[PDB]
């Protein structure tokens, strides 16, 4: 059931492009009559050994996860030849949360944003119990299953912590979404479940601004970086964060949610709340808003 025959996967279109991979909308059509199920299928391009190995990892992690708040693994496929591997996932046609929020802002109220917040937190709690660091977490990689149900996706950078270590360190990445990363990740290449909490804070910011491009993290940075313009962004961001500067409270954001953001952005990773501590608070806020 989890082995899709490659010759029966029919390409329709591209859903996402990464540095080394893409996610493609396909039909699995073993009857050949175009009646099969639609699936989302990841494969690599421009991939060396490291990228192949990371993709094997991604598959094993996602296959093991069973949460209502994590995109469903379906199976794998292999073509003929070297570098044949494909990851088959459920397809969610409503697309990503980032696009969904911008399209439907005028009808998605604070209660609904609280619901999405709580669901994403529950998915991160699930990951944490499996010692998985997601790293990529952002509104652009969270999927909308229905208007009242979201799921975490893009496990391309996900990694399991060793049983006896609560962080990992990588070599300097070439291309990072710098405005989502914890300072220890930006400066020392350290990632953990605590750096995931920082990113979740930025997700809460994305939710409560409806991903408006006028107040995106990059826009706020360009406003707050100061009058000196030709300064490298990463350098300057690290200085602003060290000085204690943070993204502003969105006008429509409940004060209690802004306070949770601030705690997610504590300087010291050990001072940030766990997802297990955040969950109850978001659950109480959501349930009080129904």
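Positions refer to the first chain, counted from 1.
>> As a check of understanding, is residue 79 unmodelled in at least a third of the other compared entries that model its flanking residues?
In response: Yes; at least one third of the other entries leave residue 79 out.
Among the other entries that model both neighbours of residue 171, does it go unmodelled in a third or more?
It is, since residue 171 is left out of at least a third of the other entries that model both flanking stretches.
### Of 119-127 and 99-107, the stretch whose C-alpha atoms average the higher B-factor in the entry
Averaging CA B-factors over each stretch, the winner is 99-107.
- Mean Cα B-factor comparison, 41-49 or 257-265, giving the higher one as deposited: Averaging CA B-factors over each stretch, the winner is 41-49.
Notebook entry, point to check: If you compare 81, 75, 93, 217, which has the highest Cα B-factor in the entry?
Noted result: The record points to 81.
Out of 152, 85, 113, 132, which residue has the highest Cα temperature factor in the PDB record? Highest C-alpha B-factor among the listed options: 85.
| message | For the chain shown, is the CA B-factor of residue 174 in the lowest, middle or highest third of its modelled residues? | response | As the PDB entry reports it, the C-alpha B-factor of residue 174 lands in the highest third of its chain.
- Query: Going by what the PDB entry lists, where does residue 166 fall on CA B-factor within its chain: lowest, middle or highest third?
  - Reply: Residue 166: CA B-factor falls in the middle third of its chain.
Chain-relative CA temperature factor third for residue 237:
Answer is lowest: the recorded C-alpha B-factor places it there.
Relative to the other modelled residues in the chain, which third contains the C-alpha temperature factor of residue 70: lowest, middle or highest? Lowest third - that is where residue 70 ends up once the chain's C-alpha B-factors are sorted.
**Prompt:** Should residue 229 be placed in the lowest, middle or highest third of its chain by the C-alpha B factor in the entry?
**Reply:** Highest third, going by the recorded CA B-factors of the chain.
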